[PDB]
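This report refers to the structure that appears directly beneath it.
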Amino acid sequence: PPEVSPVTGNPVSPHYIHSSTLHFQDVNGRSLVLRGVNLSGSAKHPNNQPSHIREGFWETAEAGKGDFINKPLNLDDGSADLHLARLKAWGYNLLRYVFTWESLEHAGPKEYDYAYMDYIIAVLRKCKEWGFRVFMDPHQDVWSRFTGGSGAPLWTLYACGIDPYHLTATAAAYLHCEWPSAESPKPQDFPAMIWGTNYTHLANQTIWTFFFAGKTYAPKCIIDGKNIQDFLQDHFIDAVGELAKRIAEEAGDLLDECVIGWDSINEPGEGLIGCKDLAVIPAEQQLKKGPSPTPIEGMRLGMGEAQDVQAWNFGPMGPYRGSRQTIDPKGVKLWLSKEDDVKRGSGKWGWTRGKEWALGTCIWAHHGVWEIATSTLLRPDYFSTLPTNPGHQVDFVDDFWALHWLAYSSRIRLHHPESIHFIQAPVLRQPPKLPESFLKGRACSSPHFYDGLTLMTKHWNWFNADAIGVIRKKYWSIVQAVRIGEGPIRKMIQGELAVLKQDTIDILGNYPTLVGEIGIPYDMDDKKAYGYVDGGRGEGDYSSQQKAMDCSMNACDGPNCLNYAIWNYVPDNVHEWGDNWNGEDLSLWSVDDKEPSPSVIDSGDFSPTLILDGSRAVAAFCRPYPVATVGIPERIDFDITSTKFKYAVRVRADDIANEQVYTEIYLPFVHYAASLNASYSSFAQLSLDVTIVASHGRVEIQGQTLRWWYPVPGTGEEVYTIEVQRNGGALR
Ligand SMILES: COc1cccc(-c2ncc(CN3CCC(O)(CO)CC3)s2)c1
């Protein structure tokens, strides 16, 4: 590709990564593959405040505090060098750095935590040390920690006129700190993945509608002279812009060589935007679990009125209706009273609320959606149209999300001129058509893909379903989407990943695709692998988890050959609480599963304790893959049982191929070492006991690095293959 940047026109650094085609590319044309992890989910909450501890939860945040120092990596006690060494030893060259809006602007509006940004820069320098490519993830989950997840600082809830201490009583949000109640919390009983249902409760339904479409559906909500939409978007964009600016100014050496780009706002909520009927819950809403009130039922609850709501259980094929429970807030209203807005809201944080922003009562009824006197729905399709143009049916992705991404993208490149725009469309949604006025030949599709069944049920079922195919109207009967057996289930999920790749070619353009999140739950079968059930039988047996991860990872192999960042790597993962967030346990490594410099790891002469101890199903996520390829990757296939690894490339006449430009393949010690015994390890070093058969050219192995030289075809294009296998089968 051109030595000049398609964004700037300026010449490119020798470590520039080209993202102008369907694949990442270096300056010498080699097609790059980026595989790593998300680091880390531990940075979603401050120090000494995991999701299940309510003590100190509100008091610190109301004090404007937010101690996120040493999360994800502790730079004080030297633990960071070990974790990074373990990730480089696993063949990973990518990191999705997680940070949240709360950790940057917790003190107050435009009161930024520069000490934490300096910490982030310090961690980013260490990842650069280790040769990791990083792209930043502005992370959030159901808006904020205080609405059940992570992301926004506490004052943003007050910014929308919401009383944070009336959330549980109105069912506007389920929090792990206050489940099933703030009076008698039992966070051990927190249902599986129920936190995600918060997107469909009143708090997230209100805030997200304010965020993306405040000026359209809540024009009466003025704060500091501007609508709540501009107030929340500008503050978040400015906060992320501050971190980008401090990186470019204080440590510009990190841009492009280490920090290659920036992701969009992680998994944004759609609020009530596009709701065709507030009286019902659409059948296309994939996720329903627990008490699931309809929008109007959630609004009536938000006004302190009792409702009898559908209860949903998650069966073997999606949610299904169960109980019908009565939620009785006993008059407690979600909405902040004006007196409390003076003491804790507007007057506490230093903004002025408009005259027509009615407090203490439901803001949507104030816009005529329903009448509080009769509790009768008035405008059921209010969120399906533009009030200013009711003939226009709204689409959340095209009409509102894309507008936000334009504002966000311009601020990123303002401080990171060579930033790659990692575009993360909303969950289970195709990306929109975006102008290349903004993209400028430097972008990557950044969708998330999870085996939804395995994630929601915390089991590796003998069955599975083509969820994407059902969404995209591929089947006359939904039973056609069901697959049974590993073979059919693996081939099916690999076909779902292929549809994510076709969304890039068809909508955005010839840009790479990178699965920003993928993974499997480790606390499967009631934490059986942790010895919690059946008298401890099955402890340390991660066979169920291994096949689940092998499926999702193989789904990115095959003809896809995708880039991805596994979710996640939580350095402080424990069996009792998982990743210390809403009962999820998706981390590859934990201290409870126990029992160094860059060049030393590259030579391969390290203890196998590093690549084995503390890991779970390491055979699944530590896979052989081509780091750089002369040509274009055609197909990747890996089999854990026999360690056989076939790789096919497409080589052309104009591909550059000499002895300093070669195909690089990573062969892990986890599968291909002569032995991983710590006994043998103290006396002898690790080395690849492999058999290589290449259809073309020359090979060479050092440590864990395989090099493959081959001459380009004289005419047209051809396919070269290479096949690696450990001598004698799998390491037993
Ligand atoms: C077959 O089902 C599918 C298919 C494609 C995509 C998805 C999801 N995309 C985002 C999801 C939820 N997110 C929230 C956070 C999470 O808990 C990690 O922290 C898990 C990921 S699912 C599910």
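Residues 4 to 598, 639 to 722, 778 to 830 in the entry's author numbering are what the sequence shown spells out, letter by letter.
Ideal Cβ placement from N, Cα and C applies to all residues, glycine included.
Alpha carbon of residue i to alpha carbon of residue j, nearest angstrom
i	j	result
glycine 394	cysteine 278	15 Å
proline 524	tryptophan 360	43 Å
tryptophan 265	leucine 76	20 Å
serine 779	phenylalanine 399	56 Å
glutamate 108	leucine 157	10 Å
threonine 173	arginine 57	18 Å
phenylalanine 466	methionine 196	20 Å
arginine 540	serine 547	14 Å
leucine 511	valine 518	16 Å
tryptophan 315	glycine 498	29 Å
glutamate 677	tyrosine 168	55 Å
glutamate 6	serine 555	36 Å
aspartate 259	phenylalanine 138	10 Å
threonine 684	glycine 827	8 Å
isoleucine 263	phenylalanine 681	29 Å
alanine 568	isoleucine 471	21 Å
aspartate 469	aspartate 401	26 Å
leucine 784	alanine 717	7 Å
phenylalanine 234	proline 322	36 Å
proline 294	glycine 325	10 Å
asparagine 571	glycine 490	26 Å
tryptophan 104	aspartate 144	11 Å
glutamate 798	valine 692	18 Å
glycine 581	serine 590	8 Å
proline 183	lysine 189	7 Å
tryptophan 61	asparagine 41	27 Å
beta-carbon residue i near ligand 3 non-hydrogen atom, thresh 7 Å
i	result
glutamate 270	Summarising the ligand content, the structure contains ligand 1 and does not contain ligand 3.
CB-CB length for residue i against residue j, believed under 8 Å
i	j	result
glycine 674	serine 22	At roughly 18 Å, the Cβ-Cβ gap does not stay under 8 Å, so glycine 674 and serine 22 are not in contact.
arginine 695	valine 10	Not quite, the Cβ-Cβ distance comes to about 26 Å (not below 8 Å), so this is no contact.
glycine 164	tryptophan 338	6 Å
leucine 98	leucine 257	Contact flag wrong, Cβ pair sits at about 12 Å.
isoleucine 72	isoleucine 250	Not confirmed; about 17 Å, so no contact.
DSSP-derived helix/strand/coil call for residue i
i	result
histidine 109	coil
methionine 139	strand
residue 625	One cannot assign coordinates to residue 625, given that the chain in this structure leaps from 598 to 639.
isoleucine 569	strand
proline 438	coil
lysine 687	coil
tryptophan 592	strand
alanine 671	strand
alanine 405	helix
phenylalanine 102	strand
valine 145	coil
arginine 303	helix
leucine 380	strand
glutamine 313	strand
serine 793	coil
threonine 24	coil
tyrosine 411	helix
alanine 125	helix
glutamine 548	helix
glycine 293	strand
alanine 721	helix
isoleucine 510	helix
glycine 325	strand
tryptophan 352	helix
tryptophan 338	strand
Which residues DSSP lists as bridging residue i, in chain order
i	result
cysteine 447	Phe425
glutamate 114	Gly111
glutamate 815	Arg695
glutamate 798	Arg805
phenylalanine 781	DSSP lists no partner for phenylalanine 781.
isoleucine 679	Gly561 and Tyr690
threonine 516	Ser448
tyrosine 177	Looking at the DSSP assignment, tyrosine 177 forms no beta bridge with any residue, so it has no partner.
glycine 277	Paired residues: none, contrary to the question.
Mind pulling the alpha helix (DSSP H) runs of 4 or more residues that sit fully within the region 44-100? 60-65 and 82-92
Jot down the residue ranges of each uninterrupted beta strand (DSSP E) in the region 237-267, minimum 3 residues, whole runs only, in chain order. 262-266
In chain order, which continuous runs of the beta strand (DSSP E) of length 3 or greater are located wholly inside the region 452-506? 466-468 and 485-487
At which residue ranges does the region 185-224 contain complete beta strand (DSSP E) runs of 3 or more residues, listed in the order of the chain? none
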